Amino acid sequence: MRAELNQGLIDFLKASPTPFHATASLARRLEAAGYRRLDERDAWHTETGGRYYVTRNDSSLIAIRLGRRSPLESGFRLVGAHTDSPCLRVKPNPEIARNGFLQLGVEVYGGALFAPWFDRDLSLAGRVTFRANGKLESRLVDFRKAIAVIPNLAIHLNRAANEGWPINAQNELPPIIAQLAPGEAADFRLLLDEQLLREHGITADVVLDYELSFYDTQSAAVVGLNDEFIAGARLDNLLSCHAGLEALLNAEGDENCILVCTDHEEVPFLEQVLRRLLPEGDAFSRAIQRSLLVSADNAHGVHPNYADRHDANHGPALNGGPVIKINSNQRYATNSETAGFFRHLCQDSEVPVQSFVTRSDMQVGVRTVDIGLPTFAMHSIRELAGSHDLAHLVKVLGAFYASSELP
Amino acid sequence: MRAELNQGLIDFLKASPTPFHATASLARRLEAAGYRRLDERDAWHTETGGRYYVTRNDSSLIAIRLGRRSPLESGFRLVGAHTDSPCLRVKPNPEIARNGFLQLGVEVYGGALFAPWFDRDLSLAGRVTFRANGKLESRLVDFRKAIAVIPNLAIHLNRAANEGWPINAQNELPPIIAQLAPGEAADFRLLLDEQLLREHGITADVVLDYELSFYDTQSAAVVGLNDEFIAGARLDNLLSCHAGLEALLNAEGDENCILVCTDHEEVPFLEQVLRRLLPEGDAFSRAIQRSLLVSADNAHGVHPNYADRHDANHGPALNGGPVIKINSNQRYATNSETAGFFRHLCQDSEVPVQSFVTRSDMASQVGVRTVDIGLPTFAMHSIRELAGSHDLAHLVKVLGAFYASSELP
Amino acid sequence: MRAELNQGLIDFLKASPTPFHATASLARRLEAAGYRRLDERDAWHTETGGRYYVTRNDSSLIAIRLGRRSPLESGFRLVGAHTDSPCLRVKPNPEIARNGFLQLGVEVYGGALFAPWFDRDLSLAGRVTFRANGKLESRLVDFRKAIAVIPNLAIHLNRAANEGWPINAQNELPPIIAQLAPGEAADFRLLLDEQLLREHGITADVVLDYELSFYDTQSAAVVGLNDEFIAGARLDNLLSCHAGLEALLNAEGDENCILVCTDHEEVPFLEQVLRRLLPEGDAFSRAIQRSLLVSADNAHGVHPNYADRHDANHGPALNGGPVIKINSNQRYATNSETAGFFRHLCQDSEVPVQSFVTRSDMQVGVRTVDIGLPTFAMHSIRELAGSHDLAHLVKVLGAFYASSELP
Ligand SMILES: [Co+2]
Ligand SMILES: [Co+2]
Ligand SMILES: [Co+2]
Ligand SMILES: [Co+2]
Ligand SMILES: [Co+2]
Ligand SMILES: [Co+2]
């Protein structure tokens with residue numbers, strides 16, 4: 001499955017600098033495959049089998065592939081991922097004007113590593129809400145061009161730099177985007193208004209608020225002497241989003257399938273959607289108890305320069321295939337029946353499979369196995385995974401999507 | 001008018017991932033412009049009006065533009081830059097095999113900022129020395145392709161990462177280039193040999209040693225909402241090398257002109273070369289006292305997230321022109337005469353000029369008077385530094401006015 | 001307006017020293033306004049145009065305005081606030097007898113500031129559960145009188161008192177209520193029986209258990225040279241409770257409206273009440289997705305003596321109007337659409353509006369905007385707010401309640 005798959009990933013990451021864009025990319029692909037969009041606000045006709053997707057807040061998406069069999073007999077085959085990643089968001093009154101520069105004050109979304117955000121050609125994307133012709137409207141904008149940089153302080157002026165210092169997100173992370181007069185006027189909402197005309201043709205009476213993420217304009221790429229790796233932003237968790245979608249779109253059979261890609265993992269929807277798919281009563285409970293959730297989120301590869309952060313018996317290899325993640329304290333829902341099932345699936349697909357627990361010194365109600373492709377450096381602005389692993393994961397999710405029996 | 005310089009700089013940086021490659025790029029352009037190479041091993045016949053360059057270790061270059069009058073009478077105009085930048089160099093027995101990976105051990109060259117080298121698509125380039133059927137060869141290689149990465153450790157396994165930790169070069173900086181295990185012979189010198197075949201159609205008997213730097217494969221680029229900035233590796237100090245060379249090739253007037261770009265600044269050539277110009281005896285000392293060296297190396301612009309690392313009266317602006325660097329404890333050789341001269345020179349060429357002095361709580365065995373100047377930058381010694389998209393034009397104009405200058409102090 | 005609104009607030013705080021008392025004060029206001037209590041054990045018949053309220057544990061209240069067009073088309077407009085505040089609670093067996101004094105052991109409720117509770121004329125109020133003719137009753141009591149003091153230790157005996165010491169809640173916070181003889185014997189439940197007789201004309205067989213809060217007997221008050229401020233206990237969050245009830249009672253139009261004042265916010269109901277207001281499980285998601293929750297809870301005004309605790313670009317000003325609270329990491333669920341709407345709603349209702357974000361180094365599935373009035377000294381026994389802001393908040397909350405169209 002190539003190469004083609006790895007190229008599909010790179011394009012998908014490119015089109016998705018935010019959870020909003022991620023969602024839009026998933027939906028345009030779902031639509032090209034003939035899934036019809038449902039609006040939660042409207043009444044649903046619903047025809048049995050039955051290809052649908054629904055969004056919430058333009059940043060969460062559920063894909064529903066209804067099969068021949070009653071979900072009360074066959075249960076659901078659910079794959080879960082998330083559409084968000086740690087990053088830096090623009091503040092509501094962002095303009096900072098000092099030493100000739102115009103900067104934008106940012107907050108740190110999620111458990112982001114600060115250091116890798118320095119010295120990158122960053123751009124800006126996300127959702128803008130504005131008033132046009134009286135009505136409230138929302139669009140996505142993506143500046144595409146590299147408009148921003150968080151420069152490092154020179155080592156000459158910070159000689160114990162490599163000894164480590166607590167990077168202060170308030171002081172040290174606002175990006176520079178331009179130079180000002182001064183005195184010159186600076187209106188970031190005016191800049192967004194320009195970007196609305198430019199990107200959308202819309203003229204806008206005033207710009208109200210926004211959810212804008214800086215991101216790396218350097219694309220994901222295949223790296224390594226023998227091309228054994230993929231480097232890029234947002235692998236956690238768009239690698240899983242892409243994988244599950246590719247598995248859903250190419251799945252054999254007529255099983256009841258769901259793809260759930262939710263927002264804010266990194267900080268109800270599925271339940272309300274499912275309760276609408278089912279004639280209420282014991283139907284919900286009977287379908288869900290026959291179901292299985294494969295929760296796909298990146299795993300930690302044992303890192304060669306940091307090998308002792310891992311249990312020696314449980315250090316996943318990049319390109320060694322999907323990792324089954326166990327944690328007895330319910331950090332992962334995986335148990336012997338869901339783990340045993342997934343393990344059996346990989347064997348029948350001839351896909352290699354690994355295990356991970358952490359070092360011991362470190363709500364729908366569905367059965368769940370937690371898996372993930374091994375990865376280095378989450379959540380940096382540029383994470384690392386293996387170039388063989390996407391084909392592995394797509395193979396077994398596709399096998400799972402086509403599985404008649406579940407535990 | 002300004003954008004071709006910047007385009008040329010981006011091209012120059014791309015072709016120069018190492019000091020060896022920068023010297024090669026500089027030399028290629030000089031030859032295209034009519035400068036001819038002198039070998040230091042050989043006798044020189046230098047006629048006036050002549051255009052020469054000189055090379056040492058394939059990583060230092062001196063470019064000579066001999067003028068109408070003897071340098072004994074009218075002096076030298078000298079611009080200095082350097083061809084090296086902090087980076088990671090491959091060790092001589094580099095193969096590290098563990099957890100299924102192949103890695104290359106690296107030493108840190110210069111005062112590199114470690115953290116920015118993480119999570120970068122790295123490639124490998126430099127000089128390779130080998131024995132071929134059966135003589136001693138040196139060639140330059142550039143894998144071009146992204147072959148290596150130094151991944152960060154996940155924050156889940158280093159939760160107090162943003163509080164800082166002392167990054168250990170021996171431990172945390174060896175890059176991953178491939179996967180091994182279940183076997184398997186890993187021999188780096190053999191990989192170099194395939195790279196010799198692939199790049200030069202050359203095969204080798206045995207590869208002996210090599211000087212190879214890892215570099216960022218992401219090109220330099222113009223950035224900012226109004227394109228005010230240039231980002232890239234090696235702005236320290238290929239920015240000045242470019243600037244100096246553009247200015248040398250296009251400067252008007254006669255006048256004796258010198259471009260000196262030396263290696264190992266980040267850690268005798270010039271003096272020996274200048275002496276082989278001019279007659280024996282007192283000719284040298286007399287020429288040098290009528291001479292002036294503009295040492296061009298990047299300055300620090302005042303950083304708006306770190307503004308108090310600067311003196312509030314001496315905070316250079318990106319795109320505010322060349323900076324005169326003063327340190328009366330001779331960290332810079334600038335004195336009031338050479339600073340005065342350069343200031344006069346900028347004012348005549350309509351080029352804006354700034355001053356820098358360090359916060360007070362923080363050549364030349366030739367004996368040439370010197371002014372130290374630089375274009376203001378951020379993130380000096382990072383894998384990716386920042387500079388003004390306007391400053392290069394500013395610098396080339398004033399160096400051009402310097403090379404054309406009739407009089408010196 | 002304003003002076004009358006502020007007097008109403010003051011009276012409300014006085015009437016409400018506990019969650020139980022806040023709920024009772026809300027309940028008797030609504031009933032005066034014609035709202036009829038719905039018992040959760042009963043079956044409900046709700047007509048259009050209905051005005052209802054329902055309580056739980058006598059300390060949470062949900063008031064409901066049913067309009068004419070169905071929640072399936074128009075959704076609900078919901079205002080959220082909470083009934084509780086940080087304070088000190090009497091323990092089950094509280095009598096401490098030492099040094100001639102009677103004291104009551106107290107546990108610290110919520111994230112209270114300890115120092116301000118010292119040297120205050122405290123009283124005691126809350127719920128008493130007792131047995132009367134073997135029947136088992138609960139009544140509210142309010143001693144009203146200043147019956148307790150937690151005195152500071154004199155600076156002469158604690159000379160570095162101004163250097164700060166860790167205040168130990170178990171040791172330094174039990175208040176003094178009386179003096180005791182040599183061996184005089186004290187029974188707190190006996191004093192509670194006398195208060196039952198005193199306040200309700202009731203004798204108890206035996207007093208069983210209780211939930212009693214100490215509170216300051218100093219009334220809320222307008223303060224400042226130009227009367228720009230209001231000072232009082234429990235401004236977090238009875239300020240919002242009061243503002244929401246005014247807004248609900250005076251709201252024009254006939255749209256579907258909810259006021260949610262819950263208990264225990266400072267350490268299920270809403271969903272269960274909403275589900276009983278509309279048929280299927282398809283109707284729930286449809287109506288909730290068309291709804292909007294303005295979650296109203298005090299924000300932090302930038303304090304002139306601690307101004308560096310705020311972001312310089314996001315320092316809300318007392319009497320500056322409601323504050324839209326923002327946090328990408330969902331400490332506040334505000335997004336660009338619900339912020340846009342609220343900002344619009346303020347600007348075309350002529351109320352000034354402010355944004356808040358923290359310094360970067362510091363459910364039922366409904367869209368939400370977190371907003372609050374700017375406040376000083378939050379979780380102290382005596383908090384500070386603007387004497388102009390309550391009028392602002394009531395104005396825009398009413399504007400909200402009369403909004404036909406929601407994001
Ligand atoms: Co994840
Ligand atoms: Co993550
Ligand atoms: Co330098
Ligand atoms: Co340097
Ligand atoms: Co509160
Ligand atoms: Co509170």
# chains A, B, ... in the order shown; residues from 1 in each chain; ligands from 1
>>> select_by_dssp(residues="segment 171-397 of chain C", states="strand (DSSP E)", output="MDAnalysis selection string")
chainID C and resid 176:179 206:216 221:223 229:232 257:262 292:296 299:300 323:325 354:356 368:372 374:376 383:386
>>> write_last_selection(atoms="C-alpha atoms", output="JSON list (two decimals), in the first residue's frame")
[["chain", "number", "residue", "atom", "x", "y", "z"],
["C", 176, "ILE", "CA", -15.31, 31.03, 69.61],
["C", 177, "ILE", "CA", -19.01, 31.20, 70.48],
["C", 178, "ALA", "CA", -19.13, 31.28, 74.31],
["C", 179, "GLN", "CA", -17.49, 30.96, 77.70],
["C", 206, "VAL", "CA", -33.42, 14.91, 69.11],
["C", 207, "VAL", "CA", -31.37, 16.99, 66.67],
["C", 208, "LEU", "CA", -29.59, 14.58, 64.30],
["C", 209, "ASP", "CA", -27.37, 16.25, 61.68],
["C", 210, "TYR", "CA", -26.81, 19.62, 60.04],
["C", 211, "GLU", "CA", -25.07, 21.66, 57.35],
["C", 212, "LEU", "CA", -24.24, 25.01, 58.93],
["C", 213, "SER", "CA", -22.08, 27.80, 57.42],
["C", 214, "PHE", "CA", -20.51, 30.62, 59.36],
["C", 215, "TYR", "CA", -20.96, 33.97, 57.63],
["C", 216, "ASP", "CA", -20.18, 37.63, 58.20],
["C", 221, "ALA", "CA", -22.71, 47.89, 51.08],
["C", 222, "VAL", "CA", -21.98, 50.48, 48.40],
["C", 223, "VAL", "CA", -18.50, 51.92, 49.02],
["C", 229, "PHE", "CA", -18.06, 49.80, 44.45],
["C", 230, "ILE", "CA", -20.03, 47.12, 46.28],
["C", 231, "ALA", "CA", -18.46, 45.07, 49.09],
["C", 232, "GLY", "CA", -19.86, 41.85, 50.50],
["C", 257, "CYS", "CA", -35.49, 30.27, 29.02],
["C", 258, "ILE", "CA", -33.63, 28.50, 31.78],
["C", 259, "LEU", "CA", -31.96, 29.82, 34.89],
["C", 260, "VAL", "CA", -29.62, 27.22, 36.45],
["C", 261, "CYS", "CA", -28.33, 27.94, 39.95],
["C", 262, "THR", "CA", -26.53, 24.84, 41.18],
["C", 292, "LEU", "CA", -26.77, 28.47, 24.24],
["C", 293, "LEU", "CA", -25.55, 28.55, 27.84],
["C", 294, "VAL", "CA", -24.30, 31.81, 29.18],
["C", 295, "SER", "CA", -22.36, 30.48, 32.16],
["C", 296, "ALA", "CA", -22.16, 33.48, 34.49],
["C", 299, "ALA", "CA", -14.14, 37.18, 36.65],
["C", 300, "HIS", "CA", -10.93, 38.75, 37.99],
["C", 323, "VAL", "CA", -16.03, 39.97, 30.93],
["C", 324, "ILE", "CA", -15.90, 37.29, 28.25],
["C", 325, "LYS", "CA", -13.62, 34.63, 29.84],
["C", 354, "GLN", "CA", -14.25, 43.07, 28.21],
["C", 355, "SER", "CA", -12.09, 40.05, 27.45],
["C", 356, "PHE", "CA", -10.10, 37.94, 29.90],
["C", 368, "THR", "CA", -21.28, 27.95, 26.08],
["C", 369, "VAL", "CA", -19.88, 31.40, 26.67],
["C", 370, "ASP", "CA", -18.20, 31.93, 30.01],
["C", 371, "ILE", "CA", -18.71, 35.48, 31.23],
["C", 372, "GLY", "CA", -18.53, 37.30, 34.52],
["C", 374, "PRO", "CA", -14.97, 42.00, 37.13],
["C", 375, "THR", "CA", -14.22, 41.37, 40.78],
["C", 376, "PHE", "CA", -11.50, 41.75, 43.43],
["C", 383, "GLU", "CA", -15.37, 40.68, 47.96],
["C", 384, "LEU", "CA", -15.36, 43.81, 45.77],
["C", 385, "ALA", "CA", -17.32, 44.51, 42.61],
["C", 386, "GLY", "CA", -18.50, 47.52, 40.66]]
>>> select_by_dssp(residues="segment 135-336 of chain B", states="alpha helix (DSSP H)", output="PyMOL selection string")
chain B and resi 169-172+188-200+235-250+269-276+283-288+336
>>> write_last_selection(atoms="N, CA and C atoms", output="compact mmCIF listing (two decimals), in the first residue's frame")
# COMPACT_ATOMS: atom_id res chain seq x y z
N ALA B 169 25.33 16.74 25.39
CA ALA B 169 25.76 16.53 24.00
C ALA B 169 26.16 15.09 23.66
N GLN B 170 26.85 14.42 24.58
CA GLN B 170 27.30 13.05 24.37
C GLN B 170 26.13 12.07 24.31
N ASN B 171 25.05 12.40 25.00
CA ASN B 171 23.92 11.50 25.17
C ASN B 171 22.74 11.80 24.25
N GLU B 172 22.33 13.06 24.20
CA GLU B 172 21.07 13.43 23.59
C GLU B 172 21.20 13.94 22.15
N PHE B 188 29.77 3.04 8.52
CA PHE B 188 29.59 4.39 8.00
C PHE B 188 30.51 4.73 6.82
N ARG B 189 31.76 4.27 6.88
CA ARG B 189 32.71 4.54 5.80
C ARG B 189 32.27 3.89 4.49
N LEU B 190 31.55 2.77 4.60
CA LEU B 190 30.96 2.11 3.44
C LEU B 190 29.83 2.93 2.84
N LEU B 191 29.05 3.58 3.70
CA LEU B 191 27.97 4.46 3.27
C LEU B 191 28.53 5.67 2.52
N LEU B 192 29.65 6.19 3.00
CA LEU B 192 30.35 7.28 2.33
C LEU B 192 30.77 6.86 0.94
N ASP B 193 31.21 5.62 0.81
CA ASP B 193 31.67 5.09 -0.46
C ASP B 193 30.53 5.00 -1.48
N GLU B 194 29.33 4.63 -1.04
CA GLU B 194 28.19 4.63 -1.95
C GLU B 194 27.85 6.07 -2.33
N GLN B 195 28.07 6.99 -1.39
CA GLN B 195 27.78 8.40 -1.61
C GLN B 195 28.79 9.01 -2.60
N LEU B 196 30.02 8.50 -2.57
CA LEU B 196 31.01 8.84 -3.59
C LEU B 196 30.61 8.34 -4.99
N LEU B 197 30.10 7.12 -5.08
CA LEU B 197 29.67 6.58 -6.36
C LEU B 197 28.48 7.37 -6.88
N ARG B 198 27.46 7.47 -6.03
CA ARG B 198 26.23 8.17 -6.34
C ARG B 198 26.44 9.63 -6.76
N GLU B 199 27.37 10.34 -6.13
CA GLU B 199 27.55 11.78 -6.36
C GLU B 199 28.68 12.12 -7.33
N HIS B 200 29.67 11.25 -7.43
CA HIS B 200 30.83 11.59 -8.25
C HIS B 200 31.16 10.52 -9.27
N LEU B 235 23.44 32.12 8.90
CA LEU B 235 23.44 33.58 8.68
C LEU B 235 24.69 34.17 9.31
N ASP B 236 25.06 33.61 10.46
CA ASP B 236 26.39 33.72 11.02
C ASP B 236 27.27 32.63 10.37
N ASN B 237 28.06 32.97 9.35
CA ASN B 237 28.28 34.35 8.88
C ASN B 237 28.35 34.37 7.35
N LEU B 238 27.53 33.54 6.71
CA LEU B 238 27.54 33.47 5.26
C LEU B 238 26.84 34.71 4.70
N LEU B 239 25.91 35.27 5.48
CA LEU B 239 25.34 36.58 5.22
C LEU B 239 26.43 37.61 4.88
N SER B 240 27.49 37.68 5.70
CA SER B 240 28.57 38.65 5.46
C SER B 240 29.45 38.26 4.26
N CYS B 241 29.72 36.96 4.11
CA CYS B 241 30.50 36.45 2.98
C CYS B 241 29.84 36.81 1.65
N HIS B 242 28.55 36.52 1.55
CA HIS B 242 27.75 36.94 0.40
C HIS B 242 27.86 38.45 0.18
N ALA B 243 27.50 39.20 1.22
CA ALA B 243 27.54 40.65 1.20
C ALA B 243 28.88 41.18 0.74
N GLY B 244 29.95 40.70 1.37
CA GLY B 244 31.29 41.11 0.98
C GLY B 244 31.59 40.82 -0.48
N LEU B 245 31.29 39.60 -0.92
CA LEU B 245 31.54 39.19 -2.30
C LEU B 245 30.71 39.98 -3.33
N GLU B 246 29.42 40.14 -3.06
CA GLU B 246 28.61 40.98 -3.94
C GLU B 246 29.23 42.36 -4.06
N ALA B 247 29.68 42.91 -2.94
CA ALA B 247 30.26 44.24 -2.91
C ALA B 247 31.60 44.29 -3.65
N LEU B 248 32.41 43.24 -3.52
CA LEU B 248 33.70 43.18 -4.21
C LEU B 248 33.54 43.13 -5.73
N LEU B 249 32.58 42.33 -6.19
CA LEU B 249 32.39 42.09 -7.62
C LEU B 249 31.80 43.29 -8.31
N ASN B 250 31.17 44.17 -7.55
CA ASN B 250 30.40 45.24 -8.17
C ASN B 250 30.91 46.60 -7.76
N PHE B 269 47.28 33.00 7.55
CA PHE B 269 46.83 33.03 6.15
C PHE B 269 46.89 34.42 5.52
N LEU B 270 46.12 35.36 6.07
CA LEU B 270 46.05 36.68 5.48
C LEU B 270 47.42 37.35 5.42
N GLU B 271 48.14 37.28 6.53
CA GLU B 271 49.42 37.96 6.64
C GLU B 271 50.43 37.42 5.62
N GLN B 272 50.46 36.10 5.46
CA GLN B 272 51.37 35.47 4.50
C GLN B 272 50.99 35.85 3.08
N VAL B 273 49.69 35.91 2.79
CA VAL B 273 49.24 36.23 1.44
C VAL B 273 49.59 37.68 1.10
N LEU B 274 49.28 38.62 2.00
CA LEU B 274 49.54 40.05 1.74
C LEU B 274 51.02 40.36 1.53
N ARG B 275 51.89 39.67 2.26
CA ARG B 275 53.33 39.81 2.11
C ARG B 275 53.85 39.40 0.74
N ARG B 276 53.18 38.44 0.10
CA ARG B 276 53.61 37.96 -1.21
C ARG B 276 53.15 38.92 -2.29
N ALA B 283 57.89 47.54 3.06
CA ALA B 283 56.73 47.74 2.19
C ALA B 283 55.45 47.28 2.88
N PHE B 284 55.49 46.08 3.47
CA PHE B 284 54.33 45.53 4.15
C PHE B 284 53.80 46.44 5.26
N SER B 285 54.65 46.74 6.24
CA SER B 285 54.21 47.53 7.38
C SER B 285 53.60 48.86 6.94
N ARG B 286 54.16 49.46 5.89
CA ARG B 286 53.71 50.76 5.39
C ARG B 286 52.35 50.70 4.71
N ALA B 287 52.12 49.63 3.95
CA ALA B 287 50.84 49.40 3.29
C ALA B 287 49.72 49.19 4.32
N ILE B 288 50.02 48.39 5.34
CA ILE B 288 49.05 48.06 6.37
C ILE B 288 48.64 49.29 7.18
N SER B 336 37.59 55.02 17.83
CA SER B 336 36.80 56.17 17.43
C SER B 336 37.07 56.62 16.00
>>> atom_distance(atom1="atom CA of residue 300 of chain B", atom2="atom CA of residue 372 of chain B")
12.9 Å
>>> interface_residues(of="chain A", to="chain C", cutoff="8 Å", atoms="only C-alpha atoms", output="number ranges by chain")
A: 40-43, 89, 91-95, 106-110, 127-130, 136, 138, 168-170, 208-211, 264, 267-269, 272, 275-276, 280
>>> residues_around(residues="residue 381 of chain C", least_positions_apart="5", cutoff="6 Å", atoms="only C-alpha atoms", output="VMD selection string")
chain C and resid 116 to 117 233
>>> residues_around(residues="residue 401 of chain B", least_positions_apart="4", cutoff="9 Å", atoms="only C-alpha atoms", output="MDAnalysis selection string")
chainID B and resid 247 251:252 345:346 348:349 396:397 405
>>> write_last_selection(atoms="N, CA, C and O atoms", output="compact mmCIF listing (two decimals), in the first residue's frame")
# COMPACT_ATOMS: atom_id res chain seq x y z
N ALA B 247 29.68 42.91 -2.94
CA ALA B 247 30.26 44.24 -2.91
C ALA B 247 31.60 44.29 -3.65
O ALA B 247 31.89 45.26 -4.35
N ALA B 251 31.92 46.62 -6.91
CA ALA B 251 32.45 47.90 -6.44
C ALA B 251 33.08 48.67 -7.60
O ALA B 251 33.72 48.08 -8.46
N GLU B 252 32.90 49.98 -7.60
CA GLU B 252 33.55 50.83 -8.59
C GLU B 252 34.89 51.37 -8.08
O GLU B 252 35.29 51.10 -6.95
N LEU B 345 31.01 57.07 6.22
CA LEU B 345 30.79 56.30 5.00
C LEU B 345 29.32 55.93 4.78
O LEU B 345 28.84 55.93 3.64
N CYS B 346 28.61 55.62 5.87
CA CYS B 346 27.19 55.29 5.79
C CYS B 346 26.40 56.53 5.47
O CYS B 346 25.49 56.49 4.65
N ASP B 348 27.30 59.16 3.84
CA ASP B 348 27.51 59.50 2.44
C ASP B 348 26.74 58.61 1.48
O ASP B 348 26.38 59.03 0.39
N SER B 349 26.53 57.36 1.88
CA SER B 349 25.90 56.40 0.99
C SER B 349 24.43 56.30 1.29
O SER B 349 23.76 55.42 0.77
N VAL B 396 25.60 45.74 1.40
CA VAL B 396 26.35 45.65 0.14
C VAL B 396 26.66 47.05 -0.41
O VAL B 396 27.74 47.29 -0.95
N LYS B 397 25.72 47.97 -0.24
CA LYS B 397 25.91 49.34 -0.67
C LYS B 397 27.09 50.01 0.06
O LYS B 397 27.92 50.70 -0.56
N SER B 405 36.53 53.60 -2.01
CA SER B 405 36.89 54.79 -1.27
C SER B 405 38.29 55.31 -1.61
O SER B 405 39.25 54.54 -1.63
>>> residues_around(residues="residue 392 of chain C", least_positions_apart="4", cutoff="7 Å", atoms="only C-alpha atoms", output="list in words")
residues 321, 351, 388 and 396 of chain C
>>> atom_distance(atom1="atom CA of residue 59 of chain A", atom2="atom CA of residue 20 of chain A")
4.4 Å
>>> interface_residues(of="chain B", to="chain A", cutoff="6 Å", atoms="only C-alpha atoms", output="ChimeraX atom specification")
/B:99,119,146-148,151-154,162-167,171-172,177-178,223-225,304-305,379-380,384
>>> atom_distance(atom1="atom CA of residue 70 of chain B", atom2="atom CA of residue 255 of chain B")
8.7 Å
>>> closest_atom_pairs(of="chain B", to="ligand 4", cutoff="8 Å", atoms="only C-alpha atoms and all ligand atoms", output="Markdown table")
| residue | atom | partner | partner_atom_place_in_ligand_line | distance |
| --- | --- | --- | --- | --- |
| B:85 | CA | ligand 4 | 1 (Co) | 6.0 |
| B:86 | CA | ligand 4 | 1 (Co) | 6.8 |
| B:110 | CA | ligand 4 | 1 (Co) | 7.7 |
| B:111 | CA | ligand 4 | 1 (Co) | 7.3 |
| B:236 | CA | ligand 4 | 1 (Co) | 5.5 |
| B:237 | CA | ligand 4 | 1 (Co) | 7.0 |
| B:265 | CA | ligand 4 | 1 (Co) | 7.4 |
| B:266 | CA | ligand 4 | 1 (Co) | 5.3 |
| B:297 | CA | ligand 4 | 1 (Co) | 8.0 |
| B:298 | CA | ligand 4 | 1 (Co) | 7.9 |
| B:380 | CA | ligand 4 | 1 (Co) | 6.8 |
| B:381 | CA | ligand 4 | 1 (Co) | 6.0 |
>>> residues_near_ligand(ligand="ligand 5", cutoff="10 Å", atoms="only C-alpha atoms and all ligand atoms", output="list in words")
residues 81, 82, 83, 84, 85, 86, 234, 235, 236, 237, 238, 239, 240, 265, 266, 296, 297, 298, 299, 372, 378 and 379 of chain C
>>> closest_residue(among="B:399, B:368, B:302, B:373", to="ligand 3", atoms="only C-alpha atoms and all ligand atoms")
B:373
>>> residues_around(residues="residue 314 of chain B", least_positions_apart="3", cutoff="12 Å", atoms="only C-alpha atoms", output="MDAnalysis selection string")
(chainID A and resid 99) or (chainID B and resid 299:303 307:311 317 323:326 353:360 376)
>>> closest_residue(among="B:36, B:51, B:82, B:65", to="ligand 3", atoms="only C-alpha atoms and all ligand atoms")
B:82
>>> residues_around(residues="residue 67 of chain C", least_positions_apart="2", cutoff="9 Å", atoms="only C-alpha atoms", output="list in words")
residues 48, 49, 50, 65, 69, 70, 71, 253, 254, 255, 256 and 257 of chain C
>>> decode(residues="segment 92-99 of chain A", atoms="N, CA and C atoms", output="JSON list (two decimals), in the first residue's frame")
[["chain", "number", "residue", "atom", "x", "y", "z"],
["A", 92, "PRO", "N", -7.28, 36.99, 22.73],
["A", 92, "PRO", "CA", -8.38, 37.85, 22.26],
["A", 92, "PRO", "C", -8.01, 39.33, 22.02],
["A", 93, "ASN", "N", -7.11, 39.90, 22.83],
["A", 93, "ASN", "CA", -6.49, 41.20, 22.53],
["A", 93, "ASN", "C", -5.00, 41.02, 22.36],
["A", 94, "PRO", "N", -4.57, 40.57, 21.18],
["A", 94, "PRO", "CA", -3.21, 40.03, 20.99],
["A", 94, "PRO", "C", -2.11, 41.06, 20.71],
["A", 95, "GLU", "N", -2.45, 42.27, 20.29],
["A", 95, "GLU", "CA", -1.44, 43.17, 19.74],
["A", 95, "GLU", "C", -0.41, 43.57, 20.79],
["A", 96, "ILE", "N", 0.85, 43.35, 20.45],
["A", 96, "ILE", "CA", 1.96, 43.77, 21.29],
["A", 96, "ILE", "C", 2.92, 44.59, 20.46],
["A", 97, "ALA", "N", 3.19, 45.80, 20.92],
["A", 97, "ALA", "CA", 4.02, 46.70, 20.15],
["A", 97, "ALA", "C", 5.22, 47.15, 20.98],
["A", 98, "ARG", "N", 6.38, 46.54, 20.74],
["A", 98, "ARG", "CA", 7.60, 46.94, 21.45],
["A", 98, "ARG", "C", 8.87, 46.73, 20.63],
["A", 99, "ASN", "N", 9.82, 47.64, 20.82],
["A", 99, "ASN", "CA", 11.07, 47.68, 20.06],
["A", 99, "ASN", "C", 10.88, 47.62, 18.56]]
